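Protein chains in written order, with the authors' numbering: chain A, 794 to 915; chain B, 7 to 229; chain C, 7 to 229; chain D, 2 to 94; chain E, 1160 to 1220; chain F, 975 to 1071; chain G, 672 to 732; chain H, 829 to 876. C-beta: ideal position from N, C-alpha, C; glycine also.
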Amino acid sequence: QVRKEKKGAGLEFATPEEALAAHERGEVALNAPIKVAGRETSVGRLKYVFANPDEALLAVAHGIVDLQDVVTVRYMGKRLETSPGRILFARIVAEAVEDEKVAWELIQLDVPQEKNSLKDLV
Amino acid sequence: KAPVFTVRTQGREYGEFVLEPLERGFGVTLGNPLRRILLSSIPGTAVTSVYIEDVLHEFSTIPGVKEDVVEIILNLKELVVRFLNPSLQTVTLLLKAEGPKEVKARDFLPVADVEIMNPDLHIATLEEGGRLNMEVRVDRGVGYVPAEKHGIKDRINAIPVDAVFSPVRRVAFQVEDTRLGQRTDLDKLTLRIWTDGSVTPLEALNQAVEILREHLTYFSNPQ
Amino acid sequence: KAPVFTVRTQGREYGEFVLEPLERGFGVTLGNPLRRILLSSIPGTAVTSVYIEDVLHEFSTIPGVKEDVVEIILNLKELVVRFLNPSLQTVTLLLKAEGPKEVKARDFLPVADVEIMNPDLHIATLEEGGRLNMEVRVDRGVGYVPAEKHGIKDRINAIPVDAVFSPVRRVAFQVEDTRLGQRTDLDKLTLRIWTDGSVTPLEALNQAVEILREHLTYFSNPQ
Amino acid sequence: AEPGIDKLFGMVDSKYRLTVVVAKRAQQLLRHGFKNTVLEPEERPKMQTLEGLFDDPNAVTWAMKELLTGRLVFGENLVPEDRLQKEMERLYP
Amino acid sequence: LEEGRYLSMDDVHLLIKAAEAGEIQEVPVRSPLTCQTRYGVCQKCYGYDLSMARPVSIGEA
Amino acid sequence: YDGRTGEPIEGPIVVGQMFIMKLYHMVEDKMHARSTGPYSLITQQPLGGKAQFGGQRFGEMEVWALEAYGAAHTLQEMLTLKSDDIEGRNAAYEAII
Amino acid sequence: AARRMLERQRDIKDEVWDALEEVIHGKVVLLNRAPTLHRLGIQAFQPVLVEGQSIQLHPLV
Amino acid sequence: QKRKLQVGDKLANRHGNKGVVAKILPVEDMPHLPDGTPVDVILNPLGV
RNA sequence: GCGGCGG
DNA sequence: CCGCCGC
Ligand SMILES: [Zn+2]
């Protein structure tokens, strides 16, 4: 699952660069949450960008990011905007069955896992 | 009976370690603490700060370079460097390449006591014409430090990078039950370790255990 | 700057132990393993077997004696004795009081080197013509042993009792923010141990630490 | 679950077929002696108290393990009923 | 969709999506209701279901 | 805090004194383990009595279960080697010995 | 002899146990549930010896 | 004889939560409170 | 075969 | 449906 908090104001980074900076310092303040309704990316994605998949989880393990937080992560060929948790799930499945590619070919990390999303995965 | 310490290691990245039998719930008493250490204490390397001449912000795009600042600063986190001695606390890697060439990690100009065991690591693709020059700082630390925590300012206009110190990627341990003639309520500890290559799973484990030992001793003198 | 192991010990039961500074999260890496050992591993003493003269089974009743065999033996597992040397593996306490009196753990005939820190423990209440003579067997062991597992048989008509060997009732550890250091992100581990009296807070802590070290070495010979 | 049960199923025209072959084959492993195998070299089954699965723990485990490879052949009427057991005793002590 | 082919879930999604458009109202399919084998039913007639997912193994109760 | 890891369990957890009871259900009435033994002298059933436990019934409700699986011998075994072929169960026992 | 060995003796410790655990190696047993309704009413599992009285069953089944 | 609680035994509260003992955990590693006090039993939330 | 409980 | 406990 992903979390949503409080949108203290303006959610326009969809275009301003003083919106990446300002909205990112406003976040450092008490104004904009790490998970704000900010179209393209909530400050939550601006701050943390994780290269390798592992990179993401360690930050978690050190307390930087909760599993249910919206961050950005570089996977095999795409810069994906998904939470650690989701990604972790991907790994678990990709581990269960060695064909990692065929793994993500059959799972949807676009929604929290419901009994059905899993039913269908099985 | 004595803990049979079995080892199954392939390369310098993966290392399975089994150790049984153990008394009631000891596997957990060992594994977990080893883990916390293996990811927090182990010393290694990570790029701290980078600086591309013509670049200002973290989110941009250098002409002649398909990669975006972010994708590049990311690629660098992947870079694994290995120092040879204490005298090297902070080393600044330098690299400049132009034109129609692929920029690999081996293109950085060699440093005296530093070694790059992450050669073929893809850093950037420079198109027909494409000036790419920059200086990436590297340090020896422990654990993970967010680029917002340390904030290194070599070049006033440079950008801090998340510190990926532990040469250990992930740690996993399992406590399955094992049989010993008389009593079946037994622990069997197998801990699997993943490393970037700078050090091996086996060396890391030992260093860990040592570090725990060194701390156990600090309980010596009362007051 | 080296873990300043401090101590505040009052009596033989309570025993706070403070140790700091420590590097980011080790207070917990140490705190829990020691706790898991302190409760499961530490050796102690407990009433292993009992024998009342005119009683044949555990479910019987003794004249002029309010409490039942089961109620009594139960109270005996609450008896905390303390030996002083290995030479004392199995001690047999003997006690016999009659008539209008209240039997308390102090009425056991002294056993020279071994002492009873559980004095006022109520063993039974005697009415009139209340004849109670019993021998209770004690041992130095580790963990919990069900009376069914050992089945001690000194006298053919004696009834074995459940083994409670942990000389600690509760362990607790805290990880406070700071004492000294360049960086505020530090751990201050203080653990407070509670003992029935048999051994001391410090004594336990040390044994614990040792059992931990002992295991650490078991990582020696690969295979 | 089981070792290459997928592969196994794909080698037979019918599920129950597999079982039968598997079984009867386990029978021959013990009847005509336990050396009537086909993959005893390096990479043969094994246990953990010692490495003694090399002699006679579970028969079927072998069968399947042997069938996973193109060593044995199974068919409706491959070899004349009685002649099979006579030749086998002769070449297996 | 050739003859005899055992239509998988996906293939039944297709047919539905197609009926949506308006290209098929019924479906020609083998079934026990019309098996020739007096005492028994064959592979092509029973179908895809098995404890498994591939076609039914002959010899199943 | 976990106790195994000493690390907290993210999120307050409710705890308290709840009154709970043990039921007249001991497992003493719940487990007979029979390898072989006494058989009825009228019908040939592994009935019990004193030293030998009884064998669970298999009913047709369960045979079907087996039939379906295609559990040929597993079913054969339940109706023969394990029940009526006095020479079957015999050979079986011996074989296993 | 082996039988008398199990007739009255209390444990048989590790060795009798070593043997049992050895005899069960790759064998499996079946399990049955109260009303046996469908074919899955009985499933086969590899037994892994354990302490006590209860029988450990897999959650998913 | 004495019936000590073991894995097969079944307990339950006055409200209706009925169940059997699945695992007898060593105080060592079961859910403990800030102050040394560990819990006695852990009920699965899902049955409520 | 009558009665009581459990799933 | 299955398992037990008792006149
Ligand atoms: Zn047909």
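Minimum Cβ-Cβ distance from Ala-1007 (chain F) to chain E less than 9 angstroms: Chain E contact via Cβ: absent.
beta-carbon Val-1200 (chain E) near ligand 1 non-hydrogen atom, thresh 8 angstroms: Yes, ligand 1 has a heavy atom inside 8 angstroms of this Cβ.
Interface residues of chain G facing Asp-191 (chain B) [CB-CB closer than 7 angstroms]: Within 7 angstroms Cβ-Cβ: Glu-722.
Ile-58 (chain C) vs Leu-138 (chain C) beta-carbon contact at 9 angstroms: Contact: yes.
For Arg-143 (chain B) and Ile-158 (chain B), believed in contact at Cβ under 8 angstroms, the rounded distance: At roughly 6 angstroms, the Cβ-Cβ gap stays under 8 angstroms, so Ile-158 (chain B) and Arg-143 (chain B) are in contact.
Any non-hydrogen atom of ligand 1 closer than 8 angstroms to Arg-1197 (chain E) Cβ: Distances between the C-beta of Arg-1197 (chain E) and the heavy atoms of ligand 1 are all 8 angstroms or more.
Three CB pairs or more closer than 8 angstroms across the stretch 977-990 of chain F and the stretch 45-63 of chain B: Between the stretch 977-990 of chain F and the stretch 45-63 of chain B there are fewer than three C-beta pairs closer than 8 angstroms, too few to call the two in contact.
Buried or exposed (CB count within 10 angstroms, at least 16 for buried), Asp-202 (chain C): A buried status is given to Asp-202 (chain C), since no fewer than 16 other beta-carbon atoms sit within 10 Å of its beta-carbon.
Contacting positions in the stretch 33-54 of chain C - beta carbon closer than 7 angstroms to chain H: Per Cβ criterion, the list reads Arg-42, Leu-45 and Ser-46.
Below-9 angstroms beta-carbon distance, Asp-14 (chain D) vs any chain E residue: Chain E has a Cβ within less than 9 angstroms of the Cβ of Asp-14 (chain D).
The stretch 1000-1013 of chain F in contact with the stretch 1185-1203 of chain E per 3-pair CB rule at 8 angstroms: Pairwise C-beta distances place the stretch 1000-1013 of chain F out of contact with the stretch 1185-1203 of chain E, as fewer than three of them are shorter than 8 angstroms.
Closer than 8 angstroms: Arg-1189 (chain E) CB and nearest ligand 1 heavy atom: Yes, the Cβ of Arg-1189 (chain E) comes within 8 angstroms of a heavy atom of ligand 1.
First through last residue of the beta strand (DSSP E) which encompasses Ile-122 (chain B): Residues 120-122.
Candidates A:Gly-856, A:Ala-825 and A:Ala-883: closest to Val-866 (chain A) by CA position: The option with the nearest alpha carbon to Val-866 (chain A) is A:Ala-883.
Bridge partner(s) assigned by DSSP for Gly-147 (chain B): By DSSP's assignment, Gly-147 (chain B) forms a beta bridge with B:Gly-50.
Boundaries of the alpha helix (DSSP H) in which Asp-847 (chain A) is found, first to last residue: Looking at the DSSP string, the run of the alpha helix (DSSP H) that includes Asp-847 (chain A) is 846-854.
Among G:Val-732, G:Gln-717 and G:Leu-728, nearest to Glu-693 (chain G) - alpha-carbon criterion: Of G:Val-732, G:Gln-717 and G:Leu-728, the residue nearest in Cα terms is G:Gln-717.
Proximal residues of chain H, C-beta to C-beta of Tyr-975 (chain F) below 9 angstroms: Neighbours of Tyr-975 (chain F) on chain H, chain order: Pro-859, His-860, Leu-861 and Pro-862.
Positions along the stretch 1030-1056 of chain F whose CB lies within less than 7 angstroms of some CB in chain E: Answer in chain order: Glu-1041, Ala-1042 and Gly-1044.
DSSP three-state assignment for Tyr-20 (chain B), whether helix, strand or coil: Of the three classes helix, strand and coil, the one that applies to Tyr-20 (chain B) here is strand, per DSSP.
Other residues of its chain near residue 1 (chain C): CB distance less than 6 angstroms, five sequence neighbours each side excluded: With chain C covering 7 to 229 only, the question about residue 1 (chain C) has no answer from this structure.
Interface residues of chain B facing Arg-879 (chain A) [CB-CB closer than 8 angstroms]: Within chain B, no residue comes near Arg-879 (chain A); the closest Cβ sits about 17 angstroms away, beyond 8 angstroms.
Any non-hydrogen atom of ligand 1 within 8 angstroms of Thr-1193 (chain E) CB: Checking the Cβ of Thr-1193 (chain E) against ligand 1 gives yes.
8 angstroms Cβ cut-off: residues of chain B touching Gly-31 (chain C): For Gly-31 (chain C), the chain B residues whose Cβ falls inside 8 angstroms of its Cβ are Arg-42 and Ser-46, in order along the chain.
For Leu-1174 (chain E), three-class secondary structure by DSSP: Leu-1174 (chain E) sits in a helix when the DSSP states are folded into three classes.
Completely contained beta strand (DSSP E) runs for the stretch 683-707 of chain G, where each covers 3 or more residues: DSSP assignment within the stretch 683-707 of chain G yields the following whole beta strand (DSSP E) runs of 3 residues or more, N-terminal first: 700-703.
Check: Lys-194 (chain B) C-beta below 8 angstroms from any heavy atom of ligand 1: Relative to ligand 1, the beta carbon of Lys-194 (chain B) is positioned no closer than 8 angstroms to any heavy atom.
Backbone CA spacing between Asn-81 (chain B) and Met-1168 (chain E) [nearest angstrom]: Rounded to the nearest angstrom, the gap between the Cα atoms of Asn-81 (chain B) and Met-1168 (chain E) is 42 angstroms.
Three-state secondary structure (DSSP) of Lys-107 (chain B): Shown here, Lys-107 (chain B) sits in coil according to DSSP, grouped into three states, outside any helix or strand.
Rounded straight-line distance, which links the Cα of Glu-981 (chain F) to that of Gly-33 (chain B): Taking the CA atoms as reference points, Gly-33 (chain B) sits about 17 angstroms from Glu-981 (chain F).
Assigned exposure category for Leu-28 (chain C) - 16 Cβ within 10 Å defines buried: When all chains shown are included, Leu-28 (chain C) counts as buried.
Integer-rounded CB distance, given that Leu-1055 (chain F) should sit under 8 angstroms from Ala-1066 (chain F): In this structure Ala-1066 (chain F) touches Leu-1055 (chain F) by the C-beta definition: roughly 5 angstroms separates them, less than 8 angstroms.
Whole-angstrom C-beta distance between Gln-834 (chain H) and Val-849 (chain H), which should lie under 8 angstroms: 7 angstroms between Cβ atoms; contact.
Cutoff 9 angstroms: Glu-1185 (chain E) Cβ touching any chain F Cβ: Under the Cβ criterion of 9 angstroms, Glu-1185 (chain E) is not counted among the residues facing chain F.
Touch test, the stretch 197-211 of chain B against the stretch 18-25 of chain B, Cβ-Cβ under 8 angstroms, three pairs minimum: Enough Cβ pairs lie closer than 8 angstroms, so yes.
Of the residues A:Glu-893, A:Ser-910 and A:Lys-894, the one placed nearest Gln-901 (chain A), counting alpha carbons only: Closest in alpha carbon position to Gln-901 (chain A), among A:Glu-893, A:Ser-910 and A:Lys-894, is A:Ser-910.
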